[PDB]
Every structure is written in C-alpha cells, then in structure tokens.
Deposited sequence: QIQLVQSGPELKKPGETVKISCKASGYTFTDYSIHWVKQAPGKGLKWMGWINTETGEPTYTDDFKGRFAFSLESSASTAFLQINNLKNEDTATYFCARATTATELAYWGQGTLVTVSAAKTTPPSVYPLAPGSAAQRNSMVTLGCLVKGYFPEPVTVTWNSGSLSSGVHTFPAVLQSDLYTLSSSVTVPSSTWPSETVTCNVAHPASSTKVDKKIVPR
C-alpha cells in the first residue's frame, strides 16, 4: 500500500536544469519526511537532506547546498528535486525515501537515473577481434552514445560461452567488447558473426570474424 514512484530517466547536457518527482501513495502525505539520496554508478550511498512535508522547509547537507532545491505539491502528494547548472559529476541514480518513527530511510522509491553529457548521438564502429579444442573470438564496439547497445552472436544461435562486458567512457563516448568461445572445429571452418544494435542511431551492423 505504501509506495513512492519516481519520474523516468533523464539525459541532460552540462549547464542545464532537471526536475525529478516522487509521488507518494498509501498514507497521509504530510505526516512523514521525504529524504533524498544519491548513488553515483557502481558506488555507495549519500544522504542529500530532507524536506518537511507539513511546513515545506528543506534541510541540505554540505555537498548539496547551492545547486539543489527540494519542493512539494502537497495536493498531488508529490515531492520534487531540482538540480541547476548540471555538471558531469551529477550523473547518478537519485532516490526519494520516507521516514518512520525510528528510521529516516524506511520506504524507498525505485530511483531516477540522471546522466549529464555534452555528447551528441553517435553510432558505434564495430571491429572484429581474431586471434593474432576451443578458440575465443570477439568484437569491439567503439565510440557510441547514448547507451545501450545489444550484442548477439550468429543471431542468437551462439550464446553458450558469451561474455558481453560493461561499457566504459573513453573521451566523452562509450566503448564496449564482447567475447565468444566455440569449438576449434567450428571456426574458421564455419562463419561466426557478431550482430550489433544501437537503437538511438537506428544502426544495426553484422561483422563476420575472419582470420587475421
């Protein structure tokens, strides 16, 4: 019955503003505190402060005093988080939480991902990786934005020894790699192809892996 639903994912450029919401249901909204917590990707948790849902008074911790504003629209049981003059380091998932008597962070929202980047939509360059009972091959997907990309092998026919790794930022754009392991009798006697999709640029590439 007690739920807090946050707004969807946001892609913003440096210097812009973003306002995310948290709609509460199941209780009398002005009876408990709303808290804000940041989690940068792959990192721990950090409390940003809270807002008083009866008086509307906000409290900010040291690192969030300046470019951050907490607000309410009590009639719609909603709390907002506005960040101005966005910077790269603001990239993270933001959570709203509601307090109970003994604990400040009791009920949690699903989180809202904010990504801050000056990059423009760019398709990836897909390169085959051939080795210079088993054999390991791969594909390098380099220089794309935004995430994500889907990587498949032989249109899904190959999926046993597949490792598609997390993308990494290299010069404002994303780079990723995938590896496949197959029997030595199967390649290069037969064809092995990596299929790479990037919906944001309407790109779809097929790259056959040839000995080299």
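May I ask you to mark the stretches of the deposited sequence that the structure leaves without C-alpha coordinates? Missing CA coords only at 133-138.
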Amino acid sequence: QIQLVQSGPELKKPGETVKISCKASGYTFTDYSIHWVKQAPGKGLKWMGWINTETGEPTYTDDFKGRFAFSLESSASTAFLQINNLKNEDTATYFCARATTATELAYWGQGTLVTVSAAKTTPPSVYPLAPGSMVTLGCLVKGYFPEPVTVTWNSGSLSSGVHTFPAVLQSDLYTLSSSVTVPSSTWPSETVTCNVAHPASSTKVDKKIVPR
From here on, numbers count along this sequence of modelled residues.
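Would you determine, from the values in the PDB entry, which of 99-107 and 116-124 has the greater average C-alpha temperature factor? Per the PDB record, 116-124.
Which is higher on average in the deposited entry, the C-alpha temperature factors of 142-150 or of 161-169? Looking at the recorded C-alpha B-factors, 161-169 comes out higher on average.
So if I compare the CA B-factors in the entry for 93, 71, 74, 88, which one is the largest? Among 93, 71, 74, 88, the highest C-alpha B-factor in the entry belongs to 74.
Residue selected from 17, 189, 21, 193 by maximal Cα B factor: Out of 17, 189, 21, 193, the record gives the largest C-alpha B-factor to 21.
Third of chain Cα B-factors occupied by residue 184: According to the entry, residue 184 has a C-alpha B-factor in the chain's highest third.
B-factor third for the C-alpha atom of residue 1 within its chain: Tercile = highest for this residue's CA B-factor.
Among the modelled residues of its chain, does the C-alpha B-factor of residue 84 lie in the lowest, middle or highest third? Residue 84: CA B-factor falls in the lowest third of its chain.
Among the chain's modelled residues, which third holds the C-alpha B-factor of residue 49? Bottom third by C-alpha B-factor.
Name the third of the chain's ranked CA B-factors that contains residue 204, choosing lowest, middle or highest. Residue 204: CA B-factor falls in the highest third of its chain.
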